[PDB]
file run_20.pdb (PDB, C-alpha atoms)
ATOM      1  CA  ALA A   4     -84.858  94.705  28.988
ATOM      2  CA  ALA A   5     -84.348  93.722  25.286
ATOM      3  CA  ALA A   6     -82.065  96.342  23.644
ATOM      4  CA  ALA A   7     -82.733  96.983  19.894
ATOM      5  CA  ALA A   8     -79.722  99.245  18.984
ATOM      6  CA  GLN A  15     -81.603 101.442  23.048
ATOM      7  CA  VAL A  16     -84.093  99.831  25.527
ATOM      8  CA  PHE A  17     -87.007  98.286  23.528
ATOM      9  CA  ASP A  18     -88.865  96.336  26.214
ATOM     10  CA  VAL A  19     -91.916  94.612  24.597
ATOM     11  CA  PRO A  21     -93.246  89.626  26.727
ATOM     12  CA  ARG A  22     -95.371  88.372  23.813
ATOM     13  CA  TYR A  23     -93.353  90.197  21.056
ATOM     14  CA  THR A  24     -90.172  88.106  20.685
ATOM     15  CA  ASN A  25     -88.180  88.475  17.408
ATOM     16  CA  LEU A  26     -87.099  92.105  16.612
ATOM     17  CA  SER A  27     -85.772  94.291  13.724
ATOM     18  CA  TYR A  28     -85.023  98.095  13.808
ATOM     19  CA  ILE A  29     -86.796 100.423  11.214
ATOM     20  CA  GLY A  30     -86.540 104.242  11.567
ATOM     21  CA  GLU A  31     -88.210 106.901  13.800
ATOM     22  CA  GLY A  35     -89.091 107.489  19.630
ATOM     23  CA  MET A  36     -87.924 104.521  17.473
ATOM     24  CA  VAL A  37     -89.869 101.892  15.430
ATOM     25  CA  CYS A  38     -89.157  98.152  15.175
ATOM     26  CA  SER A  39     -90.695  95.117  13.486
ATOM     27  CA  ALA A  40     -91.347  92.233  15.986
ATOM     28  CA  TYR A  41     -93.132  88.807  16.025
ATOM     29  CA  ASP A  42     -96.505  88.444  17.889
ATOM     30  CA  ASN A  43     -96.721  85.069  19.722
ATOM     31  CA  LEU A  44    -100.509  85.344  20.434
ATOM     32  CA  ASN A  45    -101.484  86.208  16.860
ATOM     33  CA  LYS A  46     -98.537  84.405  15.177
ATOM     34  CA  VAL A  47     -97.935  87.403  12.825
ATOM     35  CA  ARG A  48     -95.194  90.054  12.551
ATOM     36  CA  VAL A  49     -96.322  93.507  13.865
ATOM     37  CA  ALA A  50     -94.920  97.046  14.007
ATOM     38  CA  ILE A  51     -94.158  98.544  17.404
ATOM     39  CA  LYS A  52     -93.597 102.281  17.984
ATOM     40  CA  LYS A  53     -91.708 103.250  21.157
ATOM     41  CA  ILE A  54     -93.051 106.658  22.331
ATOM     42  CA  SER A  55     -91.146 108.584  25.056
ATOM     43  CA  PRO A  56     -93.220 111.845  25.158
ATOM     44  CA  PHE A  57     -93.511 112.870  28.872
ATOM     45  CA  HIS A  59     -92.528 117.964  26.279
ATOM     46  CA  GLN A  60     -96.166 119.148  26.665
ATOM     47  CA  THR A  61     -96.294 119.206  22.759
ATOM     48  CA  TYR A  62     -95.500 115.466  22.421
ATOM     49  CA  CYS A  63     -98.033 114.572  25.221
ATOM     50  CA  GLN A  64    -100.954 116.503  23.646
ATOM     51  CA  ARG A  65    -100.112 114.818  20.203
ATOM     52  CA  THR A  66     -99.733 111.350  21.799
ATOM     53  CA  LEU A  67    -103.020 111.579  23.798
ATOM     54  CA  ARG A  68    -104.915 112.961  20.813
ATOM     55  CA  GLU A  69    -103.627 110.176  18.531
ATOM     56  CA  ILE A  70    -104.346 107.400  21.085
ATOM     57  CA  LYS A  71    -107.839 108.790  21.854
ATOM     58  CA  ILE A  72    -108.676 108.916  18.122
ATOM     59  CA  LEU A  73    -107.184 105.529  17.077
ATOM     60  CA  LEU A  74    -108.803 103.659  20.019
ATOM     61  CA  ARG A  75    -112.212 105.107  19.180
ATOM     62  CA  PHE A  76    -111.944 104.325  15.410
ATOM     63  CA  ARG A  77    -112.503 100.851  13.968
ATOM     64  CA  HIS A  78    -112.127 100.817  10.139
ATOM     65  CA  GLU A  79    -110.355  98.601   7.516
ATOM     66  CA  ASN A  80    -108.673 101.682   5.928
ATOM     67  CA  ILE A  81    -107.398 103.245   9.204
ATOM     68  CA  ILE A  82    -104.459 101.834  11.137
ATOM     69  CA  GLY A  83    -105.656 100.239  14.337
ATOM     70  CA  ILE A  84    -103.952  99.970  17.722
ATOM     71  CA  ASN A  85    -103.564  96.187  18.420
ATOM     72  CA  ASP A  86    -101.921  96.612  21.860
ATOM     73  CA  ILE A  87    -100.291  99.220  24.124
ATOM     74  CA  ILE A  88     -97.427  98.241  26.456
ATOM     75  CA  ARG A  89     -96.628 100.488  29.438
ATOM     76  CA  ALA A  90     -95.774 100.240  33.147
ATOM     77  CA  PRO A  91     -98.539  99.378  35.621
ATOM     78  CA  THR A  92     -98.088 102.716  37.449
ATOM     79  CA  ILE A  93     -97.708 106.390  36.344
ATOM     80  CA  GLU A  94     -94.454 106.584  38.421
ATOM     81  CA  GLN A  95     -92.839 103.679  36.439
ATOM     82  CA  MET A  96     -94.339 104.765  33.054
ATOM     83  CA  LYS A  97     -91.448 106.431  31.081
ATOM     84  CA  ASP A  98     -92.170 104.985  27.582
ATOM     85  CA  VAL A  99     -95.280 103.707  25.802
ATOM     86  CA  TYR A 100     -95.167 101.051  23.059
ATOM     87  CA  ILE A 101     -97.912 101.059  20.424
ATOM     88  CA  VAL A 102     -98.476  97.776  18.558
ATOM     89  CA  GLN A 103     -99.960  97.978  15.028
ATOM     90  CA  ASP A 104    -100.395  95.703  11.968
ATOM     91  CA  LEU A 105     -97.165  95.412  10.083
ATOM     92  CA  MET A 106     -97.517  97.031   6.650
ATOM     93  CA  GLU A 107     -94.939  96.221   3.917
ATOM     94  CA  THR A 108     -94.687  99.793   2.604
ATOM     95  CA  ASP A 109     -96.269 103.186   2.153
ATOM     96  CA  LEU A 110     -97.439 105.133  -0.878
ATOM     97  CA  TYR A 111     -94.398 107.500  -0.620
ATOM     98  CA  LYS A 112     -91.967 104.545  -0.919
ATOM     99  CA  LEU A 113     -94.123 102.927  -3.665
ATOM    100  CA  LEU A 114     -94.225 106.126  -5.843
ATOM    101  CA  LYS A 115     -90.391 106.542  -5.572
ATOM    102  CA  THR A 116     -89.913 103.333  -7.681
ATOM    103  CA  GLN A 117     -93.207 102.074  -9.223
ATOM    104  CA  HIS A 118     -95.563 103.403 -11.949
ATOM    105  CA  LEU A 119     -99.167 102.733 -10.824
ATOM    106  CA  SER A 120    -101.708 101.254 -13.319
ATOM    107  CA  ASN A 121    -105.010 103.184 -13.613
ATOM    108  CA  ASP A 122    -106.593 100.206 -11.738
ATOM    109  CA  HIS A 123    -104.211 100.677  -8.733
ATOM    110  CA  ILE A 124    -104.746 104.473  -8.778
ATOM    111  CA  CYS A 125    -108.551 103.950  -8.690
ATOM    112  CA  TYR A 126    -108.338 101.285  -5.904
ATOM    113  CA  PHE A 127    -105.908 103.314  -3.767
ATOM    114  CA  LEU A 128    -108.030 106.478  -4.166
ATOM    115  CA  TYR A 129    -111.211 104.494  -3.311
ATOM    116  CA  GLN A 130    -109.609 103.222  -0.004
ATOM    117  CA  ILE A 131    -108.239 106.692   0.924
ATOM    118  CA  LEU A 132    -111.732 108.201   0.484
ATOM    119  CA  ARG A 133    -113.518 105.292   2.226
ATOM    120  CA  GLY A 134    -111.238 105.783   5.310
ATOM    121  CA  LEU A 135    -111.620 109.579   5.064
ATOM    122  CA  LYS A 136    -115.455 109.203   4.937
ATOM    123  CA  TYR A 137    -115.230 107.446   8.326
ATOM    124  CA  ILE A 138    -112.786 110.015   9.787
ATOM    125  CA  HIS A 139    -115.019 112.945   8.692
ATOM    126  CA  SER A 140    -118.162 111.126   9.949
ATOM    127  CA  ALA A 141    -116.507 111.099  13.432
ATOM    128  CA  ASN A 142    -116.193 114.937  13.186
ATOM    129  CA  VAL A 143    -112.376 114.496  12.932
ATOM    130  CA  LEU A 144    -109.943 116.064  10.401
ATOM    131  CA  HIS A 145    -106.678 114.255   9.658
ATOM    132  CA  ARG A 146    -104.877 117.450   8.595
ATOM    133  CA  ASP A 147    -101.664 115.709   7.349
ATOM    134  CA  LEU A 148    -102.674 113.361   4.533
ATOM    135  CA  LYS A 149     -99.716 112.619   2.262
ATOM    136  CA  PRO A 150     -98.190 109.521   0.655
ATOM    137  CA  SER A 151     -95.941 108.798   3.748
ATOM    138  CA  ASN A 152     -99.139 108.461   5.857
ATOM    139  CA  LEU A 153    -100.807 105.874   3.593
ATOM    140  CA  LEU A 154     -99.612 102.360   4.515
ATOM    141  CA  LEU A 155     -99.895  99.407   2.044
ATOM    142  CA  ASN A 156     -99.529  95.653   2.426
ATOM    143  CA  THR A 157     -98.521  93.161  -0.379
ATOM    144  CA  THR A 158    -102.218  92.805  -1.537
ATOM    145  CA  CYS A 159    -102.673  96.574  -1.896
ATOM    146  CA  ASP A 160    -104.771  97.067   1.304
ATOM    147  CA  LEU A 161    -104.345 100.731   2.295
ATOM    148  CA  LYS A 162    -104.530 102.176   5.803
ATOM    149  CA  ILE A 163    -104.357 105.805   6.838
ATOM    150  CA  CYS A 164    -101.924 106.480   9.731
ATOM    151  CA  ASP A 165    -100.437 109.403  11.743
ATOM    152  CA  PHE A 166    -103.229 111.291  13.595
ATOM    153  CA  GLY A 167    -100.704 113.448  15.533
ATOM    154  CA  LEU A 168    -102.070 116.637  13.877
ATOM    155  CA  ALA A 169    -105.747 115.554  13.808
ATOM    156  CA  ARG A 170    -108.385 117.837  15.304
ATOM    157  CA  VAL A 171    -112.083 117.822  15.965
ATOM    158  CA  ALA A 172    -113.676 119.790  13.073
ATOM    159  CA  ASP A 173    -114.612 123.406  13.983
ATOM    160  CA  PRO A 174    -115.651 125.332  10.846
ATOM    161  CA  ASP A 175    -117.244 128.127  13.023
ATOM    162  CA  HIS A 176    -113.722 128.965  14.367
ATOM    163  CA  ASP A 177    -111.635 128.351  11.183
ATOM    164  CA  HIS A 178    -110.940 132.019  10.295
ATOM    165  CA  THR A 179    -107.506 133.507  10.966
ATOM    166  CA  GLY A 180    -105.072 136.112   9.595
ATOM    167  CA  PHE A 181    -102.871 135.970   6.501
ATOM    168  CA  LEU A 182     -99.784 133.639   6.683
ATOM    169  CA  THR A 183    -100.568 132.350  10.195
ATOM    170  CA  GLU A 184     -97.942 129.632  11.126
ATOM    171  CA  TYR A 185     -99.037 126.062  10.172
ATOM    172  CA  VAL A 186     -97.479 122.683  11.062
ATOM    173  CA  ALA A 187     -98.828 120.159   8.471
ATOM    174  CA  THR A 188     -96.736 119.205   5.407
ATOM    175  CA  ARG A 189     -96.317 122.202   3.028
ATOM    176  CA  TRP A 190     -96.875 120.411  -0.356
ATOM    177  CA  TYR A 191    -100.351 119.051   0.663
ATOM    178  CA  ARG A 192    -101.700 122.308   2.217
ATOM    179  CA  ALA A 193    -104.922 123.768   0.796
ATOM    180  CA  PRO A 194    -104.600 127.325  -0.507
ATOM    181  CA  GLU A 195    -106.887 128.726   2.243
ATOM    182  CA  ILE A 196    -104.285 127.627   4.915
ATOM    183  CA  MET A 197    -101.973 130.361   3.453
ATOM    184  CA  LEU A 198    -104.821 132.879   3.185
ATOM    185  CA  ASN A 199    -107.331 132.790   6.102
ATOM    186  CA  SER A 200    -107.867 129.201   7.430
ATOM    187  CA  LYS A 201    -106.728 127.424  10.637
ATOM    188  CA  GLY A 202    -107.329 124.061   8.873
ATOM    189  CA  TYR A 203    -110.446 123.238  11.046
ATOM    190  CA  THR A 204    -112.686 122.331   7.990
ATOM    191  CA  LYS A 205    -113.123 118.971   6.222
ATOM    192  CA  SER A 206    -112.325 120.591   2.871
ATOM    193  CA  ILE A 207    -108.573 120.769   3.999
ATOM    194  CA  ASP A 208    -108.354 116.934   3.832
ATOM    195  CA  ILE A 209    -110.042 116.758   0.392
ATOM    196  CA  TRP A 210    -107.378 119.156  -1.013
ATOM    197  CA  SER A 211    -104.663 116.867   0.329
ATOM    198  CA  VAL A 212    -106.310 113.780  -1.304
ATOM    199  CA  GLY A 213    -106.422 115.696  -4.560
ATOM    200  CA  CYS A 214    -102.649 116.367  -4.259
ATOM    201  CA  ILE A 215    -102.127 112.626  -3.576
ATOM    202  CA  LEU A 216    -104.202 111.682  -6.662
ATOM    203  CA  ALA A 217    -102.078 114.007  -8.836
ATOM    204  CA  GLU A 218     -98.927 112.409  -7.304
ATOM    205  CA  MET A 219    -100.254 108.888  -8.135
ATOM    206  CA  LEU A 220    -100.785 109.982 -11.776
ATOM    207  CA  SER A 221     -97.240 111.302 -12.325
ATOM    208  CA  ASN A 222     -94.973 109.994  -9.476
ATOM    209  CA  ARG A 223     -94.135 113.580  -8.456
ATOM    210  CA  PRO A 224     -95.635 116.137  -6.085
ATOM    211  CA  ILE A 225     -97.946 118.438  -8.069
ATOM    212  CA  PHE A 226     -97.272 121.548  -5.830
ATOM    213  CA  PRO A 227     -93.692 121.294  -4.449
ATOM    214  CA  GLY A 228     -93.437 124.783  -2.929
ATOM    215  CA  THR A 229     -90.118 125.876  -1.385
ATOM    216  CA  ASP A 230     -91.853 127.950   1.334
ATOM    217  CA  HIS A 231     -95.209 129.245   2.673
ATOM    218  CA  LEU A 232     -96.027 131.691  -0.244
ATOM    219  CA  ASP A 233     -94.223 129.743  -2.967
ATOM    220  CA  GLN A 234     -96.701 126.938  -2.196
ATOM    221  CA  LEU A 235     -99.604 129.241  -3.067
ATOM    222  CA  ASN A 236     -97.765 130.382  -6.253
ATOM    223  CA  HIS A 237     -97.345 126.708  -7.332
ATOM    224  CA  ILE A 238    -101.085 126.213  -6.748
ATOM    225  CA  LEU A 239    -102.138 129.322  -8.726
ATOM    226  CA  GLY A 240     -99.704 128.438 -11.554
ATOM    227  CA  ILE A 241    -101.892 125.382 -12.350
ATOM    228  CA  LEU A 242    -105.357 126.531 -11.165
ATOM    229  CA  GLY A 243    -104.839 130.082 -12.508
ATOM    230  CA  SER A 244    -105.823 133.342 -10.812
ATOM    231  CA  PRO A 245    -108.855 132.999  -8.561
ATOM    232  CA  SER A 246    -112.134 134.412  -9.930
ATOM    233  CA  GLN A 247    -113.711 137.629  -8.647
ATOM    234  CA  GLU A 248    -116.334 135.533  -6.853
ATOM    235  CA  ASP A 249    -113.705 133.347  -5.102
ATOM    236  CA  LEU A 250    -111.831 136.483  -4.013
ATOM    237  CA  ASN A 251    -115.145 138.040  -2.715
ATOM    238  CA  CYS A 252    -115.286 134.997  -0.303
ATOM    239  CA  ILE A 253    -111.937 136.286   1.239
ATOM    240  CA  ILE A 254    -112.898 139.124   3.683
ATOM    241  CA  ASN A 255    -109.310 139.151   5.122
ATOM    242  CA  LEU A 256    -107.796 142.325   3.495
ATOM    243  CA  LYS A 257    -104.119 141.317   3.643
ATOM    244  CA  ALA A 258    -104.953 137.963   1.989
ATOM    245  CA  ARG A 259    -107.244 139.535  -0.668
ATOM    246  CA  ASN A 260    -104.722 142.318  -1.452
ATOM    247  CA  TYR A 261    -101.935 139.740  -1.666
ATOM    248  CA  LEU A 262    -103.959 137.822  -4.328
ATOM    249  CA  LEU A 263    -104.714 141.061  -6.220
ATOM    250  CA  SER A 264    -100.941 141.918  -6.197
ATOM    251  CA  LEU A 265    -100.076 138.728  -8.198
ATOM    252  CA  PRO A 266     -99.696 138.680 -12.005
ATOM    253  CA  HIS A 267    -102.635 137.115 -13.872
ATOM    254  CA  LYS A 268    -102.143 133.406 -14.528
ATOM    255  CA  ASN A 269    -104.318 131.288 -16.858
ATOM    256  CA  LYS A 270    -105.438 127.804 -15.750
ATOM    257  CA  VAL A 271    -103.312 124.885 -16.975
ATOM    258  CA  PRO A 272    -105.697 122.106 -18.105
ATOM    259  CA  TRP A 273    -105.295 118.767 -16.278
ATOM    260  CA  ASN A 274    -105.134 116.830 -19.599
ATOM    261  CA  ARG A 275    -101.990 118.826 -20.569
ATOM    262  CA  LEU A 276    -100.305 117.951 -17.252
ATOM    263  CA  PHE A 277    -101.485 114.283 -17.375
ATOM    264  CA  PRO A 278    -102.007 113.292 -21.040
ATOM    265  CA  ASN A 279    -101.993 109.536 -20.143
ATOM    266  CA  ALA A 280    -104.650 109.878 -17.390
ATOM    267  CA  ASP A 281    -108.201 108.544 -17.410
ATOM    268  CA  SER A 282    -110.477 111.515 -18.166
ATOM    269  CA  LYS A 283    -112.773 110.528 -15.234
ATOM    270  CA  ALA A 284    -109.709 110.635 -12.935
ATOM    271  CA  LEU A 285    -109.000 114.201 -14.150
ATOM    272  CA  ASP A 286    -112.642 115.306 -13.658
ATOM    273  CA  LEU A 287    -112.438 114.116 -10.056
ATOM    274  CA  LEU A 288    -108.974 115.684  -9.590
ATOM    275  CA  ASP A 289    -110.379 119.046 -10.808
ATOM    276  CA  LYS A 290    -113.192 118.832  -8.216
ATOM    277  CA  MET A 291    -110.824 117.988  -5.326
ATOM    278  CA  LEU A 292    -108.317 120.717  -6.302
ATOM    279  CA  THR A 293    -110.881 123.533  -6.385
ATOM    280  CA  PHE A 294    -109.610 126.862  -5.028
ATOM    281  CA  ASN A 295    -112.785 127.803  -3.110
ATOM    282  CA  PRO A 296    -113.214 125.353  -0.197
ATOM    283  CA  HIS A 297    -117.010 125.816  -0.296
ATOM    284  CA  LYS A 298    -117.121 124.606  -3.934
ATOM    285  CA  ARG A 299    -114.640 121.768  -3.274
ATOM    286  CA  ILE A 300    -116.117 118.240  -3.502
ATOM    287  CA  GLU A 301    -117.198 116.508  -0.254
ATOM    288  CA  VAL A 302    -115.842 113.031   0.565
ATOM    289  CA  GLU A 303    -119.281 111.312  -0.185
ATOM    290  CA  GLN A 304    -119.456 113.062  -3.597
ATOM    291  CA  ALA A 305    -115.922 111.912  -4.415
ATOM    292  CA  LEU A 306    -116.837 108.293  -3.532
ATOM    293  CA  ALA A 307    -119.942 108.618  -5.804
ATOM    294  CA  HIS A 308    -117.944 110.071  -8.700
ATOM    295  CA  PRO A 309    -117.886 108.001 -11.943
ATOM    296  CA  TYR A 310    -114.148 107.336 -11.614
ATOM    297  CA  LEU A 311    -114.887 105.130  -8.549
ATOM    298  CA  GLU A 312    -118.079 103.457  -9.911
ATOM    299  CA  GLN A 313    -116.459  99.972  -9.878
ATOM    300  CA  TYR A 314    -115.970 100.241  -6.089
ATOM    301  CA  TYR A 315    -118.685 102.559  -4.781
ATOM    302  CA  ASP A 316    -120.948 100.795  -2.268
ATOM    303  CA  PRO A 317    -122.347 103.049   0.504
ATOM    304  CA  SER A 318    -123.572 100.046   2.576
ATOM    305  CA  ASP A 319    -119.879  98.900   2.671
ATOM    306  CA  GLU A 320    -118.521 102.404   3.460
ATOM    307  CA  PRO A 321    -119.149 102.683   7.183
ATOM    308  CA  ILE A 322    -119.527 105.815   9.321
ATOM    309  CA  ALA A 323    -118.397 106.203  12.934
ATOM    310  CA  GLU A 324    -120.617 104.986  15.833
ATOM    311  CA  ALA A 325    -119.165 107.566  18.278
ATOM    312  CA  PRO A 326    -118.198 110.930  16.730
ATOM    313  CA  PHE A 327    -116.198 113.448  18.756
ATOM    314  CA  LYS A 328    -118.909 115.972  19.559
ATOM    315  CA  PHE A 329    -116.593 118.549  21.144
ATOM    316  CA  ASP A 330    -113.047 119.826  21.154
ATOM    317  CA  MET A 331    -110.533 118.002  23.390
ATOM    318  CA  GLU A 332    -109.122 121.113  25.134
ATOM    319  CA  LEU A 333    -105.282 121.842  25.277
ATOM    320  CA  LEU A 336    -103.473 121.084  30.624
ATOM    321  CA  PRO A 337    -100.066 120.617  32.351
ATOM    322  CA  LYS A 338     -97.909 117.567  31.298
ATOM    323  CA  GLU A 339     -98.726 115.766  34.632
ATOM    324  CA  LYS A 340    -102.435 115.861  33.711
ATOM    325  CA  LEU A 341    -101.688 114.642  30.100
ATOM    326  CA  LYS A 342     -99.430 111.819  31.390
ATOM    327  CA  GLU A 343    -102.362 110.848  33.735
ATOM    328  CA  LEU A 344    -104.785 111.068  30.735
ATOM    329  CA  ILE A 345    -102.396 108.885  28.671
ATOM    330  CA  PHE A 346    -102.249 106.371  31.560
ATOM    331  CA  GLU A 347    -106.091 106.234  31.800
ATOM    332  CA  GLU A 348    -106.531 105.994  27.985
ATOM    333  CA  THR A 349    -104.112 103.009  27.815
ATOM    334  CA  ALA A 350    -105.671 101.107  30.785
ATOM    335  CA  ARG A 351    -107.754  98.630  28.666
ATOM    336  CA  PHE A 352    -104.559  96.847  27.392
ATOM    337  CA  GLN A 353    -103.564  95.945  30.999
TER     338      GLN A 353
END
call {"tool": "encode", "arguments": {"input": "run_20.pdb", "output": "structure tokens"}}
result
Amino acid sequence: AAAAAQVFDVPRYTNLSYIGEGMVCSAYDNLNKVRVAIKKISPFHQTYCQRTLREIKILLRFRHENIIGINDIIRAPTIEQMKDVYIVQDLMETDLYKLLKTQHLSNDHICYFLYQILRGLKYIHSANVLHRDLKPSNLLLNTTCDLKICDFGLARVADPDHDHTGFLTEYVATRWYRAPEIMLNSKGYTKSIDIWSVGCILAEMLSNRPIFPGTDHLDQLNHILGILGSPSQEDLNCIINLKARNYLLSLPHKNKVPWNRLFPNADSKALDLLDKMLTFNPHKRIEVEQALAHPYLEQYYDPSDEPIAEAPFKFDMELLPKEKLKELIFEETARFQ
């Protein structure tokens, strides 16, 4: 086996450079005569197996310019010999997290990046899937500013009928990008959770800093309400959950901070769209198609060039012992043999 730095056993993928977290390496593709990214996955806890299968099932079903594809999957010919799985993807120079650490974005780059995020999200949502962890780290970029959404480990089939839960239920997705209803009464099974996260990304593109950098579960909601202000009577009436409603009523009144005061340089159309993505009430929050159609994106908007999914996930993929998930992972990866 080739050792990277330990076993990283991948025929047609010759040259090799390490790059972060199993482990990830750049390599050269001898069929396609391009460098590629290869993720070594060794998942066979139950947690890692459910995540792995879900991500493979989703990525293999999706085909879209603004969603990372799976080029290849390397594994053993038998379940017995299958210990690791290698996932081959397009090599992308950077991500939006790394870009925003060092580079101011022009309004034209902001607009183009936001257009590609929403065009990929339109496809995702059309497949009845929620990403549930959209953040700068999960938006890959190449040297010509093509953007691809990655990391479907926390994705779920949408289920708005079963989205209700108790106050401060545990949640896994990244704190700073979590919609306020996650902290109040939501399992994150509605499409409006992804639109909130895109709004947070747009704000981050405008200022090179997270707009809601909460230190904890409730601090995150306080950061949100410090900008949005206290929710209206009507938005609180939508919260039936008593502990969540009473929590909101316990908070000091806060006035809205206008977007143009936070972002005095920003295009006013960008701020009008930001406002509509970062709406407290998920029912009033803009839908992905409405965001695409917003005036800020008018230079790009083309519904005939914004495809929807051929094969949406009609039903939940249910939780299964490891042995079954390993077997599922084996079957799902069979086409690359």
call {"tool": "resolve_selection", "arguments": {"input": "run_20.pdb", "expression": "the PyMOL selection byres ((chain A and resi 251-254) around 10)", "output": "PyMOL selection string"}}
result
chain A and resi 178+195+198-199+245-250+255-260+262+295-297
call {"tool": "closest_residue", "arguments": {"input": "run_20.pdb", "among": "A:215, A:70, A:90, A:119", "to": "residue 148 of chain A", "atoms": "only C-alpha atoms"}}
result
A:215
call {"tool": "resolve_selection", "arguments": {"input": "run_20.pdb", "expression": "the PyMOL selection byres ((chain A and resi 65) around 12)", "output": "VMD selection string"}}
result
chain A and resid 54 to 57 59 to 64 66 to 72 165 to 170 331 333 338 341 to 342 345
call {"tool": "resolve_selection", "arguments": {"input": "run_20.pdb", "expression": "the PyMOL selection byres ((chain A and resi 83) around 8)", "output": "number ranges by chain"}}
result
A: 73-74, 76-78, 81-82, 84-85, 103-104
call {"tool": "residues_near_point", "arguments": {"input": "run_20.pdb", "point": "(-95.5, 104.7, 6.3)", "cutoff": "8 Å", "atoms": "all atoms listed in the file", "output": "PyMOL selection string"}}
result
chain A and resi 106+108-111+150-154+164
call {"tool": "atom_distance", "arguments": {"input": "run_20.pdb", "atom1": "atom CA of residue 261 of chain A", "atom2": "atom CA of residue 232 of chain A"}}
result
10.1 Å
call {"tool": "residues_around", "arguments": {"input": "run_20.pdb", "residues": "residue 219 of chain A", "least_positions_apart": "6", "cutoff": "10 Å", "atoms": "all atoms listed in the file", "output": "PyMOL selection string"}}
result
chain A and resi 110-111+113-114+117-121+123-125+127-128+150+213+225
